[PDB]
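Here's a solo chain for you in structure tokens, the form deposited in one PDB entry.
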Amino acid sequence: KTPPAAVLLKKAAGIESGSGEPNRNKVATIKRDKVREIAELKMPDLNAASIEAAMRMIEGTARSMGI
């Protein structure tokens, strides 16, 4: 595996922790720039077809932690 979506997103987002997500979003960050990048690096471990799918998943982990 490579750094989990969580840590990748943490380091990306620029934080050391997650949240209570729906309520207190922990930070914002640029998708088409950043979420895509992570989607790229995480690809060897993603069962995704297109990068666009690879993304949907990453963005999906960002929600669970609120970003």
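Residue positions are given as counts along the sequence shown, with the first one as 1. Residues that one form lacks are left out of the comparison. Rigid core here is just the name for the largest C-alpha set that superposes within 1.5 Å across the two forms.
Judged by mean Cα B factor in the deposited record, 43-51 ranks above the other of 6-14 and 43-51.
In the deposited entry, the Cα temperature factor of residue 25 places it in the middle third of its chain's modelled residues.
Another form exists, deposited in another entry; not displayed. Remarks below refer to it.
With the core superposed, residue 44 shows a C-alpha displacement below 2 Å between this form and the one not shown. Positional change of residue 34 between this form and the one not shown stays under 2 Å at the C-alpha, relative to the superposed core. Annotation: Cα of residue 17 displaced by less than 2 Å between this form and the one not shown, core superposition. Between residue 54 and residue 23, the Cα distance is smaller in the other form than in this structure, by no less than 3 angstroms. Relative to the shown form, the CA atoms of residue 16 and residue 26 are pushed 3 Å or more farther apart in the other form. Shifted stretches between this form and the one not shown, defined as 3+ consecutive common residues each with a CA displacement of 2 angstroms or more after rigid core fitting, are limited to 20-32.
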